[PDB]
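K.L.:
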Amino acid sequence: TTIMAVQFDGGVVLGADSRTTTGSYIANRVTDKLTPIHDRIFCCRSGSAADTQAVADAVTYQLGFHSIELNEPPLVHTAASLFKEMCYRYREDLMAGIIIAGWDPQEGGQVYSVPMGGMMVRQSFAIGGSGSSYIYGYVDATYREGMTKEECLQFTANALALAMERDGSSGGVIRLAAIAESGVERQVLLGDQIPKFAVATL
Amino acid sequence: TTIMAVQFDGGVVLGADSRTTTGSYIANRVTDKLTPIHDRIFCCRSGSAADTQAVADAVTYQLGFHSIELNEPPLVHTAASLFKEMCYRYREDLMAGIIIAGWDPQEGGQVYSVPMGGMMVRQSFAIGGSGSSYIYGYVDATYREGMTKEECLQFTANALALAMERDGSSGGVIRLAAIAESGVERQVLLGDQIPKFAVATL
Amino acid sequence: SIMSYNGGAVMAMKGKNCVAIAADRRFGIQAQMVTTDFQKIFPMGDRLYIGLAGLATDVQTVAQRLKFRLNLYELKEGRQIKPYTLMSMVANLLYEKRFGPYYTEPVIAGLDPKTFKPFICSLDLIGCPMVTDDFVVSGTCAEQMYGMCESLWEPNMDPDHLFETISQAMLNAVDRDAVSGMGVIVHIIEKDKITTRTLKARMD
Amino acid sequence: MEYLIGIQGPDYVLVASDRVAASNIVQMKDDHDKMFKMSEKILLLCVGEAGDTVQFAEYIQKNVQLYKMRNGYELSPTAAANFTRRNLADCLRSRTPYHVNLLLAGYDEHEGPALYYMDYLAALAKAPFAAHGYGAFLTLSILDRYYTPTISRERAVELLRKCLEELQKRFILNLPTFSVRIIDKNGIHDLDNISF
Amino acid sequence: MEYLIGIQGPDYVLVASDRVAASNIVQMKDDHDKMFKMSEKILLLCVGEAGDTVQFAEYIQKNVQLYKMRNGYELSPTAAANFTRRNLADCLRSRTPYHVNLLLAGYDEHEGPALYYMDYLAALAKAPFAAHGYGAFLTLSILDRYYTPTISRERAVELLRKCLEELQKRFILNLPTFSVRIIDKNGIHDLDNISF
Amino acid sequence: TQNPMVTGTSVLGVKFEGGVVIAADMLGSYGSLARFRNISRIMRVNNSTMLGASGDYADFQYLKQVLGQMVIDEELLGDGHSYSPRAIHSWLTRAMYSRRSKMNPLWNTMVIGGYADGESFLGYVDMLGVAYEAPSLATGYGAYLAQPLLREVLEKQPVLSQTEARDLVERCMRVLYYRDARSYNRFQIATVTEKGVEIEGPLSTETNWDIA
Amino acid sequence: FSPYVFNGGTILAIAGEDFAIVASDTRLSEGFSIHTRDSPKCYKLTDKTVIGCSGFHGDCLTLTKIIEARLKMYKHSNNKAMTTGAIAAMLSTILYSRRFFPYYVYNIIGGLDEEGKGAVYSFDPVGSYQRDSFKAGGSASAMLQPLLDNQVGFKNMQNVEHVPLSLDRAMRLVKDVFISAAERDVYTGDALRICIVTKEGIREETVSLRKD
Amino acid sequence: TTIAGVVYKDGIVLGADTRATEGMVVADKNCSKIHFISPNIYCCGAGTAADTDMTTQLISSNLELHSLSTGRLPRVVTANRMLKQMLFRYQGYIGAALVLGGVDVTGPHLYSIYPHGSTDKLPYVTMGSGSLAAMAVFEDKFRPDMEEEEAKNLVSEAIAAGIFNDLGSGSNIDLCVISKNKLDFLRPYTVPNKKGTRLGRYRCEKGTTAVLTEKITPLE
Amino acid sequence: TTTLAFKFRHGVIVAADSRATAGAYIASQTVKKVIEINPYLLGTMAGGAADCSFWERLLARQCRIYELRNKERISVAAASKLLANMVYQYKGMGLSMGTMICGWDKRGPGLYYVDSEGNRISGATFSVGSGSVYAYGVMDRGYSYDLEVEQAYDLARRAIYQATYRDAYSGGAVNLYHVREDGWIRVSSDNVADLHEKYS
Ligand SMILES: CC(C)C[C@@H](C=O)NC(=O)[C@H](CC(C)C)NC(=O)[C@H](CC(C)C)NC(=O)OCc1ccccc1
Ligand SMILES: CC(C)C[C@@H](C=O)NC(=O)[C@H](CC(C)C)NC(=O)[C@H](CC(C)C)NC(=O)OCc1ccccc1
Ligand SMILES: CC(C)C[C@@H](C=O)NC(=O)[C@H](CC(C)C)NC(=O)[C@H](CC(C)C)NC(=O)OCc1ccccc1
Ligand SMILES: CC(C)C[C@@H](C=O)NC(=O)[C@H](CC(C)C)NC(=O)[C@H](CC(C)C)NC(=O)OCc1ccccc1
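Chains as they are written, first to last, in the working numbering: chain A, 1 to 202; chain B, 1001 to 1202; chain C, 2001 to 2204; chain D, 3001 to 3196; chain E, 4001 to 4196; chain F, 5001 to 5212; chain G, 6001 to 6212; chain H, 7001 to 7220; chain I, 8001 to 8200.
(1) Does the beta-carbon of residue 1203 of chain B, which I'm using as the reference point, lie nearer than 7 Å to any heavy atom of ligand 2?
(2) Nearest by alpha-carbon distance to residue 1157 of chain B: which of B:1147, B:1145, B:1196 and B:1167 is it?
(3) Here's the rule: buried if 16 or more other CB atoms are within 10 angstroms of the residue's CB, otherwise exposed. What is residue 8106 of chain I?
(4) For residue 6195 of chain G, which residues does DSSP report across the bridge?
(5) Within 10 Å of its beta-carbon, does residue 118 of chain A have 16 or more other beta-carbons around it, so buried, or fewer, so exposed?
(6) Whole alpha helix (DSSP H) runs in the segment 4096–4184 of chain E with 4 or more residues, listed along the chain?
(7) May I have the straight-line CA-CA distance separating residue 105 of chain A from residue 5024 of chain F, to the nearest angstrom?
(8) Run through chain B and tell me which residues come within less than 8 Å of residue 7051 of chain H, C-beta to C-beta.
(9) Compile a chain-ordered list of the residues in the segment 6150–6176 of chain G whose CB is closer than 7 Å to at least one CB of chain H.
(10) With a threshold of 8 Å between beta-carbons, can residue 4067 of chain E be considered close to chain D, or not?
(11) Quick check: the Cα distance between residue 6014 of chain G and residue 6204 of chain G, rounded to an integer number of angstroms?
(12) Quick check: what's the CA-CA separation for residue 4014 of chain E versus residue 4135 of chain E?
(13) Kindly indicate if chain C contains any beta-carbon less than 8 Å away from that of residue 3004 of chain D.
(14) With 16 as the cutoff for other CB atoms within 10 Å, does residue 3080 of chain D come out buried or exposed?
(15) On the DSSP bridge list, what partners appear for residue 2004 of chain C?
(16) Please confirm if residue 92 of chain A has its CB atom under 8 Å from at least one CB of chain F.
(17) Tell me, which residues are paired with residue 1043 of chain B by DSSP?
(18) State the Cα-Cα distance for the pair residue 1151 of chain B and residue 1103 of chain B, rounded to the nearest angstrom.
(19) Leaving out five residues on either side along the sequence, give the residues of the same chain with a beta carbon under 8 Å from the beta carbon of residue 7053 of chain H.
(20) For residue 5053 of chain F, count the other beta carbons within 10 Å of its own beta carbon; 16 or more makes it buried, fewer makes it exposed. Which is it?
(21) State the DSSP-derived secondary structure class of residue 7130 of chain H, mapped to helix, strand or coil.
(22) Of the residues that make up the segment 8051–8067 of chain I, which ones have a beta carbon closer than 7 Å to any beta carbon in chain K?
(23) Quick check on residue 8104 of chain I: buried or exposed, where buried means 16 or more other Cβ atoms within 10 Å of its Cβ?
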């Protein structure tokens, strides 16, 4: 699995692959690992499918009740806190690496990584999954502060494409979501739309 | 460990970190993983230090006798084949990932990856070690056919730096070597010479 | 627990121109005593002796195989072995069995065959020699023997004081070890005599 | 398990052995003999793993008998005990070890009677009296309480009876009959089996 | 292991148990009683893990004696066997299982003599004759070869002695004395102990 | 944590005259991988106490929340009583020992540093309830690489100045970068004095010579 | 995860006719390393009683705090300080309460009896205790007991007068035994803490041993 | 064990502690861990004492046979190659971690050999359970091309760090200095730790021990 | 450990050794392994020192509460049943406790062997410990219900001495108690070293 979230002035860009695998068999070749937790807060899920889905449902339930009582748009730090609290209280029962990214009227676009174990860190860009291991160097050489939403979209597409070409558990289509005050804009890159890098053939 | 080799029209560029490790301890912080098997054939060693030093010593001995008997400079393929022979024969008693890259008068600059298990494959560029995983997407995104010795030396230095910053088992100084008909030029990058990439702030 | 199977304790101490070697006398399996007169100290020359502690089969085998080599060396070289050469010989025998060793750790006590200078030593189970100028212990009560000899040993002790020190150190250390004891024997090696004594010891 | 006992006296060596051979929960023989005649004045009482006792005991017997034929005289009890110990100790670190506990008993016209205890690890000890088996735990103290170095052969058989009666009362295994033999200047003498 | 044998005749149930309490190679008691009176016409013979036997048996005994006190009449041998089987099957998958092999012998005025067999797994089997222990492997065949449904109580004690003498010749454990008791219309009768 | 995940490396502390100084790298390793390279493993408890932790970062974040709330709670009382360095060190020992006894330990080795009543506190709390106080402390590989150098100075000169203490820490941080493989060059320094607790920024041991 | 760690430590206690000496080394260690060269293992419980504790320092700190609470609780309900024998008896129950998860601690209590005579009680990790005249515990227990049995017990010696033990001979024996243990035990050897209980109170003395 | 080695301007300074321990008890308080391989080459040894005192002894014999045949001083490269090619064929079964140092016709050379066969030529090296304490001193004070007294003080400070910080290390400090012109083996270079003075006399006078039997055999 | 107890014409003789061991280390040679529950009831201790000491002290407190509530001293049978029922609750958890409950009740001299494995049996002669087998041989060859008091005392001392000689875990002093209708008495605490001289 490869999941990436990047911050930009006004919002964040989330992205993921689409391959659920049991061993070396692809059970879902078109999975959506980008799940809306609230109107402008999504979570990129990685790890165990059952654990990730159960946690995302519980946090959506809690965040929605919280937002109704407080009568205000929820904060991305509050969404990340609820995921961290559940993923730390059940760290020994859940295999769930999550990246929470979204927009709020107070801190704008924010990306929070809640890796397995239950720690939460706010980051400029977050990467998770078994394919992240291959894109760490690429994301540390091509990331530049001040990127636009369009560049952040192209950056996430190229990164997810590179990890889907070297990871067996990663592949399918690249699903991208750009969240801002205007709203969420989701897109899927399929076939030629997926960035291509020439394989070195002697 | 991060070992990397690239071929250019006239020779090959090789590179390596300089870190030996026993657990999380750095036994040697200035190791030379770029070993010369012959005048214009070098090896980039990864894995077990004792296993890699023993096989490289054995191949230098066998390759030396072969060259004096067959009065002709050795072929890079022959060195790779002798490395493959031992690493396959003792695949169950030897942890050794090797890159045999050098220049021969007949086939030019050739980079051969003899991975763990005893397999041998010619490659335009080769990477190996624990840090190899973090720079797969980078090398696939930055490699271009028709690069030069200068561009190839920068590719190796930039890629090794990114891997040395993400792999705990990689680090120290970046040792580079350029082999061509002219000879073998060796270079060590240390401190600010080692390529740097800006970190984030959020 | 391969050395505590049969138990045992041996100690060698230096004096002024005299050496001492003491050993427990119990032969037992786990917690059952079978004999109270087992030999653990063997003569390796007129003023040279070796105390062996560990598996009792290994004590007997190492002693017998050492005598084979010693008698061959003495006949061929036509001279008595000097205390240090015997130690080098025991180290060679023990290390020849490095991967599959004899479970016995030996102490050598003797006086040089010509200068009559006191020599004491201890080797590990794989043959690592350590020559000391005070005392050497080996067995299942080694810690007890260390504490007793570190607090009672004095330099330049005479033959009688060496006996009173090695004897007191052995009796109070084996009395805190359950698988060692059933008697104590002490050999005082001097230039003109070898006095052997059996001590009144707790037989519990 | 099986029971072996030896009591050395001033001019004789009295030995006894159980006469039962068991498969698992069934005694397949109650007239078994665990004593082997090595010489005219040496006996080896052997107990242990099935197949290992006779393979080791018959081997030691044929080699001691070869000595008498090759040299015209017999090995002494001490030489025989040491030859047995070397062979048991030299197969211990081998791939074919013999699990056997033994009691050699013999009479040298010079050194007199002798009883030698040996365990499976090959540790040889000369003993005034010794026993092998789980029954030794319930009988060695009876021997320690009553054994005197100048015991007569008559009082020796009486103490042997005290020890075997203890096995009948406290031991959990049905050891009913015992083979009893004695060795002296006149050689090995079979005595009546102490049955219960 | 401990030995229990029960032989049911036309109007009586004869039972016997070994009288030995062992503790690792040693017999710590030679007058042990493994038979527990539940009623004036029912006997429970229990053997197995230490503690479990007396704990489980005394529990069934007290609950059977409580039934007589509260109801004025006693439980039948069959109702007592069924009550015991339930109390062992319920504790089977519990954290405190009882490892007890039991023979229930009892007489009812209407159903007459009855012998029941139960194992630690809690299977209840009514049988004309039964046994528990390693000695059952050497005695159940003698009972099968000489047992007739109309055997007298004198010929029944003879068949019991043939089984116990077979244990004295082929079994590896020393079971010298056996308690014997018979149940009939006149209650439980303690016959002389068969000793060897 | 039954199995630690993202973890921090060594945390160093040395008591000088007038306060204490602690140092920690800003890196969270996920088994060899340096995944999170800007995380603080040092925390200001009160105005007199500061805590540096090694081991699972989630377990440390949990402690920062519990100890953080405990300080907010005592301040609401406004009674002129405040948890002291030794009180926080006592609480952490009881907290870790209780978790170890439940067989659910917090995988964290902590260094508490504090200045109260003109007295410098430097305490050690492991994940098993092993606790002690010392002139200098070092966790992880810092125990086998930095404590030797610190103890050598704190023996010849038992009392160090703040400048001498900071210099010693920077030399120990340099040695840790050279021989520890889970170490990062970017690190933080925290000092507690009569003026309270201060945490220096992302300092670098660029004093790294490489005569290879 | 292993809940216990051997932290080293040697404790000795000698009882006299009017004095009791509890003594311990001051070294805390983990593996082949030293945590602190100043961790005494003796603790004053009452003006007439001192306890020595060695083994797992996590359990040692817990047990002593539990003992101090229980001592104050006895004084609240009984209106009197606890006797050395009452503390010995209570410790045996406190230790056996954790029989299925024992405190890895070796405890030797030294104090004055109700008649003012010295009293040494030795304890096993799970309770078993006994009144003795002298007892060593910890890493070098087997190296110190033998000489005390010979000198204080006068064992294996004939034609020797059994003089009563003076405090000075007791003090010299304690110092000599710990110096021998330091030269052969790697876990003993920083300093010696001798605590002497008398009618006047618990005087404390510290001597230097050998730093590895 | 704390064995260390540094390469200075004129040659090599090797150093070692003197403690051997069986379990957590000290067996030898004065072991020699620096070994003679050749008049110009010495080797400090850590790990199994029997393995480090036999691999070194066998290499010393083989370099002697080599030097008798060649008629030339042994090269430190020959010792390293011989030692590594043997430690490798035993796959770490012979636990010998060694600090090989010497001056040959090509100058001073210091090497580190590990029980599996790996070697490393470096300007300063440390091995044993006290290696990291010693490395902290070298990574904090080592300077290229030092003098003998300066380099000797460095190796003593590194050995002291292991002696006072490691529990498997202690006792005295031995230093071996090798130059092209001098080989100085300072066995008791520094005695940092000593046994305290006895405060009470526990000597047992004649008659304290009761004997059951005695036999005096006169020797000629 | 070698504990012994036998019921004869003049009451019940109880004997034990004094050694306590931590592995092959003799921790003590003065351990009291006979517990005085009442002036007429006594228990012997073999196995884990803490386990045996804790549960015999719990039985003593339970037996006192019985006397206060029922105004009568518990029987030897009732005391052994309490100990057996208590230890059964922790069966399989690792308690090592071999004990002998001896005393004079209204039924006369009683001796019961209660183990931590669920065993509670009455008998005339019991021996528990690692020297039990060694002591059984001597006591059996010398036991007689019509033994005289001094002969009974000598038999108990010899049987414990012969086991301290063959068992590495048994030694110290043979402590002898004699339980009679008036209540038990402490007859002697002879050291095995002085008994080696006497029996030789
Ligand atoms: C779905 C995301 C959370 C990431 C996703 C993609 O790799 N993760 C996974 O697919 C993981 C990988 C690893 C835990 C074996 N696989 C799984 O969680 C399980 C494997 C079972 C043995 C539990 N896969 C599976 O059974 O497929 C269920 C499924 C199928 C389609 C959609 C969603 C879920
Ligand atoms: C092949 C060389 C260039 C070494 C290179 C690996 O790629 N760098 C390394 O860090 C490798 C890591 C390896 C285990 C994956 N290090 C090693 O292989 C180390 C090197 C020794 C000299 C300590 N070898 C090792 O761990 O076992 C040998 C050993 C033997 C005794 C003590 C300590 C270590
Ligand atoms: C020259 C040095 C190698 C000597 C010294 C320094 O390390 N040796 C040691 O410190 C080691 C400790 C161990 C942790 C390696 N101790 C030892 O090697 C001692 C030797 C002394 C008793 C004289 N012997 C020993 O313990 O060997 C037992 C053994 C037996 C078979 C295989 C491996 C080990
Ligand atoms: C109960 C009595 C027989 C008294 C005493 C005399 O043998 N018991 C024992 O000595 C036996 C030792 C061995 C047979 C297990 N049981 C013991 O418990 C004694 C305890 C002290 C006296 C040292 N030995 C022992 O190993 O205890 C150490 C220990 C420490 C913590 C948990 C469990 C056990």
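In this text, a Cβ means the ideal position worked out from N, Cα and C, and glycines have one as well.
P.N.:
Reading off the structure:
(1) Nothing can be reported for residue 1203 of chain B: it is not among the residues displayed for chain B, which extend from 1001 to 1202.
(2) Here the closest residue by C-alpha is B:1196.
(3) exposed
(4) G:6022 and G:6204
(5) buried
(6) 4136–4146 and 4153–4170
(7) 35 Å
(8) Within 8 Å Cβ-Cβ: nothing; residue 7051 of chain H doesn't reach chain B, min ~16 Å.
(9) Within the segment 6150–6176 of chain G, the residues whose Cβ lies closer than 7 Å to some Cβ of chain H are 6151, 6157, 6158, 6159, 6160, 6169, 6172, 6173, 6175 and 6176, listed in chain order.
(10) Not flagged as an interface residue toward chain D: residue 4067 of chain E, since no C-beta distance is shorter than 8 Å.
(11) 15 Å
(12) Rounded to the nearest angstrom, the two C-alpha atoms are 17 Å apart.
(13) It does not; no Cβ of chain C falls within 8 Å.
(14) buried
(15) Beta-bridge pairing links residue 2004 of chain C to no other residue.
(16) It does: the Cβ of residue 92 of chain A has a partner Cβ on chain F nearer than 8 Å.
(17) For residue 1043 of chain B, which the question treats as bridged, DSSP gives the partners B:1035 and B:1100.
(18) The straight-line gap separating the alpha-carbon atoms of residue 1151 of chain B and residue 1103 of chain B is approximately 18 Å.
(19) 7035 and 7045
(20) buried
(21) The three-state reading of DSSP puts residue 7130 of chain H in coil, since its state is none of H, G, I, E or B.
(22) The question asks about chain K, but that chain is absent: this structure's protein chains are A, B, C, D, E, F, G, H and I.
(23) buried
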